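With compact mmCIF, C-alpha atoms inside, this is structure-v1.txt:
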```
# COMPACT_ATOMS: atom_id res chain seq x y z
CA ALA V 11 -85.39 -4.60 23.37
CA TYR V 12 -82.93 -1.70 23.46
CA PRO V 13 -82.19 0.00 20.11
CA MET V 14 -79.29 -1.36 18.07
CA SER V 15 -76.41 0.73 16.73
CA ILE V 16 -74.88 0.33 13.26
CA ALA V 17 -71.64 -0.96 14.78
CA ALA V 18 -73.45 -3.36 17.12
CA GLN V 19 -75.47 -4.89 14.27
CA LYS V 20 -72.32 -5.03 12.15
CA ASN V 21 -70.58 -6.77 15.05
CA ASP V 22 -73.48 -9.23 15.10
CA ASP V 23 -73.43 -9.82 11.35
CA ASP V 24 -69.67 -10.44 11.50
CA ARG V 25 -70.23 -12.77 14.45
CA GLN V 26 -72.69 -14.93 12.51
CA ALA V 27 -70.27 -14.81 9.59
CA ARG V 28 -67.48 -16.31 11.72
CA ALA V 29 -69.97 -18.84 13.05
CA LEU V 30 -70.91 -20.09 9.59
CA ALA V 31 -67.30 -19.91 8.41
CA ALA V 32 -66.01 -21.79 11.45
CA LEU V 33 -68.55 -24.53 10.78
CA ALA V 34 -66.24 -25.29 7.83
CA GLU V 35 -65.05 -28.27 9.87
CA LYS V 36 -68.56 -29.72 9.47
CA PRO V 37 -68.13 -32.65 11.90
CA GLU V 42 -66.86 -30.14 18.29
CA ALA V 43 -69.66 -27.57 18.68
CA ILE V 44 -67.91 -25.95 21.64
CA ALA V 45 -64.62 -25.84 19.73
CA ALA V 46 -66.48 -23.82 17.13
CA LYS V 47 -66.20 -21.01 19.67
CA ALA V 48 -64.43 -18.65 17.30
CA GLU V 49 -67.30 -16.29 17.85
CA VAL V 50 -70.25 -16.92 20.14
CA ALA V 51 -72.29 -19.27 22.29
CA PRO V 52 -72.79 -23.02 21.62
CA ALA V 53 -76.54 -22.52 21.13
CA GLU V 54 -75.67 -20.20 18.24
CA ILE V 55 -73.64 -22.87 16.45
CA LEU V 56 -76.46 -25.34 17.13
CA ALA V 57 -79.01 -23.02 15.48
CA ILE V 58 -76.70 -23.02 12.45
CA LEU V 59 -76.50 -26.81 11.91
CA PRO V 60 -78.48 -28.51 9.10
CA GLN V 61 -82.26 -28.46 9.66
CA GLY V 62 -83.23 -31.39 11.87
CA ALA V 63 -79.77 -31.80 13.41
CA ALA V 64 -80.71 -29.62 16.39
CA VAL V 65 -84.33 -29.89 17.53
CA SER V 66 -85.25 -28.05 20.72
CA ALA V 67 -88.08 -28.66 23.18
CA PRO V 68 -89.29 -26.02 25.67
CA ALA V 69 -87.73 -25.99 29.15
CA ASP V 70 -91.09 -26.98 30.67
CA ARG V 71 -90.59 -30.46 29.17
CA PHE V 72 -87.66 -31.06 31.58
CA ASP V 73 -89.46 -33.61 33.79
CA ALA V 74 -91.16 -35.43 30.90
CA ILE V 75 -87.89 -35.78 29.01
CA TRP V 76 -85.93 -36.92 32.07
CA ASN V 77 -88.61 -39.51 32.89
CA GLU V 78 -88.56 -40.61 29.26
CA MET V 79 -84.78 -41.07 29.22
CA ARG V 80 -84.86 -43.02 32.48
CA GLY V 81 -86.41 -45.81 30.42
CA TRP V 82 -83.60 -45.72 27.84
CA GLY V 83 -81.31 -47.98 29.84
CA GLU V 84 -77.63 -47.19 30.34
CA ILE V 85 -76.77 -43.87 28.70
CA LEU V 86 -73.68 -41.68 28.89
CA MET V 87 -73.83 -38.57 31.06
CA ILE V 88 -71.34 -35.85 30.19
CA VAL V 89 -70.47 -32.63 32.01
CA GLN V 90 -67.71 -30.43 30.60
CA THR V 91 -65.84 -27.34 31.78
CA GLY V 92 -62.62 -25.78 30.56
CA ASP V 93 -60.75 -28.00 33.05
CA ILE V 94 -62.55 -31.33 32.81
CA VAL V 95 -64.84 -33.56 30.76
CA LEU V 96 -66.53 -36.12 33.01
CA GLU V 97 -68.18 -39.05 31.24
CA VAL V 98 -70.29 -41.36 33.37
CA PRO V 99 -72.15 -44.39 32.00
CA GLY V 100 -75.30 -45.40 33.87
CA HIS V 101 -79.08 -45.40 34.10
CA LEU V 102 -80.66 -42.05 34.92
CA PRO V 103 -82.10 -42.16 38.47
CA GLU V 104 -85.32 -40.62 39.75
CA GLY V 105 -85.08 -37.06 40.98
CA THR V 106 -86.82 -34.94 43.59
CA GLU V 107 -87.16 -31.17 43.38
CA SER V 108 -86.72 -28.26 45.79
CA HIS V 109 -85.88 -24.58 45.26
CA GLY V 110 -84.94 -24.83 41.59
CA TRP V 111 -82.73 -27.89 42.01
CA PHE V 112 -83.42 -31.39 40.76
CA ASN V 113 -81.70 -33.75 43.18
CA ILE V 114 -80.90 -37.07 41.53
CA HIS V 115 -79.94 -40.14 43.54
CA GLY V 116 -80.62 -43.81 42.90
CA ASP V 117 -79.02 -47.13 41.99
CA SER V 118 -76.60 -45.52 39.55
CA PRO V 119 -73.16 -43.90 39.64
CA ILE V 120 -74.82 -40.84 38.08
CA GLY V 121 -75.86 -38.68 41.01
CA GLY V 122 -75.85 -35.17 42.37
CA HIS V 123 -77.83 -32.01 41.72
CA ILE V 124 -79.11 -30.31 38.58
CA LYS V 125 -80.12 -26.63 38.67
CA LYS V 126 -83.34 -27.28 36.78
CA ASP V 127 -84.57 -23.71 37.06
CA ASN V 128 -81.58 -22.62 34.95
CA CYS V 129 -82.78 -24.66 31.96
CA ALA V 130 -83.77 -22.52 28.98
CA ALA V 131 -84.13 -25.28 26.41
CA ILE V 132 -83.50 -28.96 25.75
CA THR V 133 -81.95 -29.64 22.35
CA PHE V 134 -81.76 -33.02 20.65
CA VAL V 135 -78.54 -33.06 18.60
CA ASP V 136 -78.25 -35.62 15.80
CA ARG V 137 -75.15 -35.04 13.71
CA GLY V 138 -72.02 -36.44 12.21
CA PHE V 139 -69.24 -36.41 14.74
CA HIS V 140 -65.92 -37.09 13.15
CA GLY V 141 -67.23 -39.36 10.43
CA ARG V 142 -69.99 -41.02 12.54
CA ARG V 143 -73.53 -40.21 13.63
CA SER V 144 -73.82 -38.95 17.21
CA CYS V 145 -77.10 -38.57 19.12
CA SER V 146 -77.41 -36.64 22.38
CA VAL V 147 -79.78 -34.54 24.46
CA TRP V 148 -78.47 -31.12 25.50
CA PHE V 149 -80.02 -29.37 28.49
CA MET V 150 -79.26 -25.70 27.73
CA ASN V 151 -78.96 -22.82 30.19
CA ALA V 152 -80.03 -19.20 29.66
CA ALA V 153 -76.53 -18.35 28.42
CA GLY V 154 -76.76 -20.72 25.45
CA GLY V 155 -74.36 -23.29 26.84
CA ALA V 156 -74.97 -26.94 27.68
CA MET V 157 -75.58 -27.63 31.38
CA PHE V 158 -74.91 -31.31 30.66
CA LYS V 159 -75.46 -33.77 27.82
CA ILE V 160 -76.97 -37.26 27.66
CA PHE V 161 -75.51 -39.40 24.87
CA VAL V 162 -76.97 -42.50 23.26
CA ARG V 163 -74.52 -45.38 23.83
CA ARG V 164 -72.74 -47.58 21.29
CA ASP V 165 -72.43 -51.37 21.32
CA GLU V 166 -69.49 -53.75 20.87
CA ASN V 167 -69.58 -53.24 17.11
CA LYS V 168 -69.30 -49.49 17.83
CA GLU V 169 -72.75 -48.73 16.38
CA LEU V 170 -75.42 -46.72 18.20
CA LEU V 171 -77.43 -49.07 20.42
CA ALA V 172 -80.52 -50.00 18.38
CA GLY V 173 -83.23 -49.95 21.04
CA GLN V 174 -81.94 -46.78 22.69
CA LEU V 175 -81.43 -45.01 19.36
CA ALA V 176 -85.03 -45.73 18.35
CA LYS V 177 -86.34 -44.10 21.55
CA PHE V 178 -84.12 -41.06 21.00
CA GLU V 179 -85.31 -40.61 17.40
CA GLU V 180 -88.92 -41.15 18.50
CA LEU V 181 -88.74 -38.49 21.21
CA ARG V 182 -86.73 -36.07 19.02
CA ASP V 183 -89.10 -36.47 16.04
CA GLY V 184 -92.02 -35.44 18.25
CA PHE V 185 -90.48 -32.01 18.78
CA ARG V 186 -89.66 -31.51 15.11
CA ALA U 11 -45.83 -6.96 39.26
CA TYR U 12 -47.51 -3.74 38.15
CA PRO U 13 -47.68 -0.94 40.74
CA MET U 14 -50.74 -0.82 42.99
CA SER U 15 -52.97 2.23 43.47
CA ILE U 16 -54.41 3.34 46.82
CA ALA U 17 -57.92 2.46 45.67
CA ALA U 18 -56.84 -0.92 44.30
CA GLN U 19 -55.15 -1.90 47.56
CA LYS U 20 -58.14 -0.59 49.49
CA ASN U 21 -60.37 -2.69 47.23
CA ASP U 22 -58.17 -5.66 48.09
CA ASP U 23 -58.21 -4.99 51.82
CA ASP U 24 -62.00 -4.69 51.73
CA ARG U 25 -62.15 -7.90 49.70
CA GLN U 26 -60.21 -9.86 52.33
CA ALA U 27 -62.41 -8.22 54.96
CA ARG U 28 -65.56 -9.60 53.31
CA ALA U 29 -63.82 -12.96 52.96
CA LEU U 30 -63.07 -13.21 56.68
CA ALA U 31 -66.48 -11.80 57.59
CA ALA U 32 -68.31 -14.18 55.26
CA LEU U 33 -66.49 -17.09 56.88
CA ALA U 34 -68.79 -16.28 59.81
CA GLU U 35 -70.75 -19.37 58.79
CA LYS U 36 -67.69 -21.42 59.78
CA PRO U 37 -68.92 -24.77 58.39
CA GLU U 42 -69.79 -24.22 51.49
CA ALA U 43 -66.47 -22.67 50.42
CA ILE U 44 -67.90 -21.70 47.03
CA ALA U 45 -70.98 -20.20 48.66
CA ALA U 46 -68.58 -17.96 50.55
CA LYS U 47 -68.27 -16.13 47.24
CA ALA U 48 -69.31 -12.79 48.66
CA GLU U 49 -65.98 -11.50 47.50
CA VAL U 50 -63.37 -13.53 45.65
CA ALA U 51 -62.05 -16.87 44.45
CA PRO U 52 -62.45 -20.21 46.31
CA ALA U 53 -58.68 -20.50 46.76
CA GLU U 54 -58.84 -17.25 48.72
CA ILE U 55 -61.38 -18.62 51.19
CA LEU U 56 -59.27 -21.79 51.45
CA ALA U 57 -56.18 -19.76 52.37
CA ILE U 58 -58.29 -18.22 55.14
CA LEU U 59 -59.38 -21.47 56.86
CA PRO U 60 -57.76 -22.61 60.14
CA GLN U 61 -54.11 -23.66 59.75
CA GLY U 62 -53.97 -27.29 58.63
CA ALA U 63 -57.49 -27.32 57.17
CA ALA U 64 -56.16 -26.50 53.68
CA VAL U 65 -52.77 -28.00 52.85
CA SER U 66 -51.56 -27.55 49.27
CA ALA U 67 -49.07 -29.59 47.25
CA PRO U 68 -47.35 -28.26 44.10
CA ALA U 69 -49.00 -28.97 40.73
CA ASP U 70 -46.05 -31.18 39.74
CA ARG U 71 -47.31 -33.76 42.26
CA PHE U 72 -50.40 -34.37 40.05
CA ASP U 73 -49.36 -37.86 38.85
CA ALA U 74 -48.05 -39.01 42.24
CA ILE U 75 -51.22 -37.93 44.01
CA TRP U 76 -53.51 -39.47 41.40
CA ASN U 77 -51.58 -42.76 41.56
CA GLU U 78 -51.76 -42.59 45.35
CA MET U 79 -55.53 -42.08 45.37
CA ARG U 80 -56.05 -44.94 42.91
CA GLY U 81 -55.15 -47.20 45.83
CA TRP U 82 -57.75 -45.61 48.12
CA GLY U 83 -60.60 -47.77 46.86
CA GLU U 84 -63.99 -46.31 45.99
CA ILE U 85 -63.95 -42.54 46.44
CA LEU U 86 -66.42 -39.83 45.43
CA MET U 87 -65.60 -37.73 42.39
CA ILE U 88 -67.32 -34.34 42.24
CA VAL U 89 -67.46 -31.77 39.45
CA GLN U 90 -69.54 -28.63 39.97
CA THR U 91 -70.65 -25.72 37.78
CA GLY U 92 -73.34 -23.13 38.31
CA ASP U 93 -75.80 -25.49 36.59
CA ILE U 94 -74.85 -28.91 37.96
CA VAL U 95 -73.08 -30.85 40.71
CA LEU U 96 -72.17 -34.33 39.46
CA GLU U 97 -71.20 -36.84 42.14
CA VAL U 98 -69.81 -40.16 40.95
CA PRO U 99 -68.69 -42.95 43.29
CA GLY U 100 -65.96 -45.23 41.97
CA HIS U 101 -62.30 -46.23 41.91
CA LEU U 102 -59.99 -43.81 40.13
CA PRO U 103 -58.76 -45.39 36.86
CA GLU U 104 -55.33 -45.17 35.29
CA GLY U 105 -54.74 -42.25 32.98
CA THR U 106 -52.64 -41.57 29.89
CA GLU U 107 -51.38 -38.13 28.90
CA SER U 108 -51.21 -36.12 25.67
CA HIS U 109 -51.10 -32.39 24.96
CA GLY U 110 -51.93 -31.22 28.48
CA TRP U 111 -54.83 -33.61 28.97
CA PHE U 112 -54.96 -36.58 31.30
CA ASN U 113 -57.30 -39.10 29.69
CA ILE U 114 -58.82 -41.42 32.29
CA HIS U 115 -60.57 -44.64 31.33
CA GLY U 116 -60.79 -47.96 33.14
CA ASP U 117 -63.10 -50.32 35.00
CA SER U 118 -64.96 -47.48 36.69
CA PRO U 119 -67.90 -45.18 35.95
CA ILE U 120 -65.49 -42.28 36.51
CA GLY U 121 -64.07 -41.50 33.09
CA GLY U 122 -63.28 -38.72 30.68
CA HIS U 123 -60.56 -36.10 30.36
CA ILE U 124 -58.78 -33.85 32.84
CA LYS U 125 -56.92 -30.75 31.62
CA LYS U 126 -53.88 -31.53 33.75
CA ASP U 127 -51.83 -28.65 32.39
CA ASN U 128 -54.37 -26.24 33.92
CA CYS U 129 -53.59 -27.45 37.45
CA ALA U 130 -51.99 -24.77 39.62
CA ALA U 131 -52.20 -26.56 42.96
CA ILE U 132 -53.68 -29.58 44.73
CA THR U 133 -55.21 -28.73 48.11
CA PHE U 134 -56.15 -31.24 50.79
CA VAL U 135 -59.19 -29.83 52.60
CA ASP U 136 -59.98 -31.21 56.06
CA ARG U 137 -62.76 -29.26 57.73
CA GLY U 138 -66.07 -29.30 59.47
CA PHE U 139 -68.87 -29.40 56.96
CA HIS U 140 -72.19 -28.70 58.54
CA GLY U 141 -71.36 -30.24 61.90
CA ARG U 142 -69.17 -33.10 60.55
CA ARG U 143 -65.59 -33.57 59.40
CA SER U 144 -65.14 -33.63 55.62
CA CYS U 145 -61.96 -34.70 53.82
CA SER U 146 -61.32 -34.05 50.13
CA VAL U 147 -58.59 -33.36 47.59
CA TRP U 148 -59.08 -30.25 45.46
CA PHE U 149 -57.26 -29.98 42.13
CA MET U 150 -57.08 -26.19 41.64
CA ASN U 151 -56.77 -24.27 38.38
CA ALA U 152 -54.83 -21.04 37.76
CA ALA U 153 -57.97 -19.02 38.53
CA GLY U 154 -58.20 -20.29 42.11
CA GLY U 155 -61.21 -22.51 41.51
CA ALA U 156 -61.53 -26.27 41.91
CA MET U 157 -61.27 -28.23 38.65
CA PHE U 158 -62.78 -31.21 40.48
CA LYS U 159 -62.73 -32.68 43.99
CA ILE U 160 -62.11 -36.19 45.32
CA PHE U 161 -63.93 -36.91 48.58
CA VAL U 162 -63.20 -39.59 51.16
CA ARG U 163 -66.30 -41.81 51.44
CA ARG U 164 -68.46 -42.58 54.47
CA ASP U 165 -69.68 -45.99 55.65
CA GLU U 166 -73.09 -47.30 56.72
CA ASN U 167 -72.72 -45.65 60.12
CA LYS U 168 -72.12 -42.39 58.23
CA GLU U 169 -68.53 -42.07 59.49
CA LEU U 170 -65.52 -41.45 57.23
CA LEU U 171 -64.24 -44.81 55.97
CA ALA U 172 -61.39 -45.75 58.32
CA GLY U 173 -58.86 -47.22 55.89
CA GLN U 174 -59.40 -44.53 53.27
CA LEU U 175 -59.33 -41.72 55.84
CA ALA U 176 -55.98 -42.93 57.17
CA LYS U 177 -54.44 -42.78 53.67
CA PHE U 178 -55.83 -39.28 53.12
CA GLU U 179 -54.43 -38.01 56.43
CA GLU U 180 -51.10 -39.73 55.72
CA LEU U 181 -50.73 -38.12 52.29
CA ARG U 182 -52.01 -34.71 53.50
CA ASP U 183 -49.69 -34.70 56.55
CA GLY U 184 -46.69 -35.18 54.26
CA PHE U 185 -47.37 -31.83 52.59
CA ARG U 186 -47.90 -30.00 55.86
```
Could you render the structure as structure tokens?
Amino acid sequence: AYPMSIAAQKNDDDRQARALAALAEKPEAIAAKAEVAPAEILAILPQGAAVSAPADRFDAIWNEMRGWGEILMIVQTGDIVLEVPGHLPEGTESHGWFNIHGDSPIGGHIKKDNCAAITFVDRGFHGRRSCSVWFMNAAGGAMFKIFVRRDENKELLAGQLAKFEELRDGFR
Amino acid sequence: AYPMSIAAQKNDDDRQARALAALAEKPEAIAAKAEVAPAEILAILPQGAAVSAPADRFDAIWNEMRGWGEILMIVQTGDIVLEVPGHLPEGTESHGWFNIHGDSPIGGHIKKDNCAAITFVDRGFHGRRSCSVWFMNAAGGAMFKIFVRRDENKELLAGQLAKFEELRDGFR
């Protein structure tokens, strides 16, 4: 909106430069924080690796994932990474918050009105394919992430993976 | 360390003033963010309501709580409050991180080297007594919180509560 200055644009150009350069380690998105916000590193991944749906699809996507079986819920801050396996429960909504409680260890409150985008990330993570759904906030960071689980043989669960790909493809 | 200025001290005094004043709603600590950091509102609660142990007690306290049975783990950010019921699993440590994984839905990684204090909070929460253990970071915020559970009758679980009080009293 506001006019840009030569230095500001230059600062931007250099920022993107560091972004691309930092991606050198092709296979953690947050770690690649040499420069800017996670959503900026996501927009720089190979085409198809980061497919976003509009925030208004929040309820449809959540309902969809509730049928995926046991997934892995992950919330991360600079002090902790909490990983909780479980089925996604039904949620009720009031004043911008999506209150989730059901027969699952995954419970609490999601500030749904803070969601700016929902990005399906399908990329190599340290040698292996990783599939997850990132609910992004207005600041370009992940509010939380839902990961597709792996089986005994360490491979992405077939049935769940198919549903992820199916949903993700629809937004591509 | 560095010398204070009249305005800076005044700013501080006014800050504490807002803190105390905001506490008007005697029974959420974070909500009381009219002015400063959570640890500052904690240090303002009635004597005994917030008892802190030194960060070096991290392992002893975690081991202690692992014997408390099913507790409630809570991590909160501006976008989400994740509440996970479960037993605390054993953890291993490497490079400042406490990696917790076991027979429990509570799993992941805690940045143990970021812990500055562990505060036992025993206070009225909206009419009723609430007991929890806050692992604080250097910035005066809670990294995560472990809450004592309630039973069918909605009262704090007797056996668990006793262990909490016992441990907390020892630091008072």
Residues of chain V within 6 Å of chain U, all atoms listed in the file counted, as a ChimeraX atom specification: /V:93-99,119-125,157
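In this structure, atom CA of residue V:183 sits 8.8 Å away from atom CA of residue V:62.
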Pairwise distance for atom CA of residue U:139 and atom CA of residue U:52, rounded to one decimal in Å: 15.5 Å
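Take atom CA of residue V:105 and atom CA of residue V:117: the distance between them is 11.8 Å.
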Shortest interatomic distance to residue U:175 - which of U:132, U:85, U:102, U:34, counting only C-alpha atoms: U:85
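The smallest atom-to-atom distance between residue U:173 and any of U:31, U:70, U:82, U:47, using all atoms listed in the file, is found for U:82.
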Within 6 Å of file point (-82.0, -29.6, 18.5), counting all atoms listed in the file, expressed as a VMD selection string: chain V and resid 63 to 66 133 to 135
May I have the residues from that selection written out with C-alpha atoms, as a PDB file, in the frame of the given file?
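again_10.pdb, freshly written:
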```pdb
ATOM      1  CA  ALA V  63     -79.770 -31.800  13.410  1.00  0.00           C
ATOM      2  CA  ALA V  64     -80.710 -29.620  16.390  1.00  0.00           C
ATOM      3  CA  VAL V  65     -84.330 -29.890  17.530  1.00  0.00           C
ATOM      4  CA  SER V  66     -85.250 -28.050  20.720  1.00  0.00           C
ATOM      5  CA  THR V 133     -81.950 -29.640  22.350  1.00  0.00           C
ATOM      6  CA  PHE V 134     -81.760 -33.020  20.650  1.00  0.00           C
ATOM      7  CA  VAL V 135     -78.540 -33.060  18.600  1.00  0.00           C
TER       8      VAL V 135
END
```
Among the residues U:13, U:83, U:138, U:110, the one that comes closest to residue U:177 [using only C-alpha atoms]: U:83
Shell around residue U:27 at 12 Å using all atoms listed in the file, local window under 5 positions removed, as a PyMOL selection string: chain U and resi 20-22+32-34+48-50+54-55+58
Restricting it to C-alpha atoms, dump the selection as a compact mmCIF listing (two decimals), in the frame of the given file.
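The result, written out as again-v1.txt:
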```
# COMPACT_ATOMS: atom_id res chain seq x y z
CA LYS U 20 -58.14 -0.59 49.49
CA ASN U 21 -60.37 -2.69 47.23
CA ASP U 22 -58.17 -5.66 48.09
CA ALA U 32 -68.31 -14.18 55.26
CA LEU U 33 -66.49 -17.09 56.88
CA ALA U 34 -68.79 -16.28 59.81
CA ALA U 48 -69.31 -12.79 48.66
CA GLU U 49 -65.98 -11.50 47.50
CA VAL U 50 -63.37 -13.53 45.65
CA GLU U 54 -58.84 -17.25 48.72
CA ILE U 55 -61.38 -18.62 51.19
CA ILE U 58 -58.29 -18.22 55.14
```
For residue U:145: contacts at 7 Å, only C-alpha atoms, fewer than 6 positions along chain excluded, given as a list in words: residues 135, 136, 137, 161 and 162 of chain U
Go ahead and write the residues just picked, C-alpha atoms, as a PDB file, in the coordinates of the input.
```
ATOM      1  CA  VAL U 135     -59.190 -29.830  52.600  1.00  0.00           C
ATOM      2  CA  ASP U 136     -59.980 -31.210  56.060  1.00  0.00           C
ATOM      3  CA  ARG U 137     -62.760 -29.260  57.730  1.00  0.00           C
ATOM      4  CA  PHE U 161     -63.930 -36.910  48.580  1.00  0.00           C
ATOM      5  CA  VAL U 162     -63.200 -39.590  51.160  1.00  0.00           C
TER       6      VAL U 162
END
```
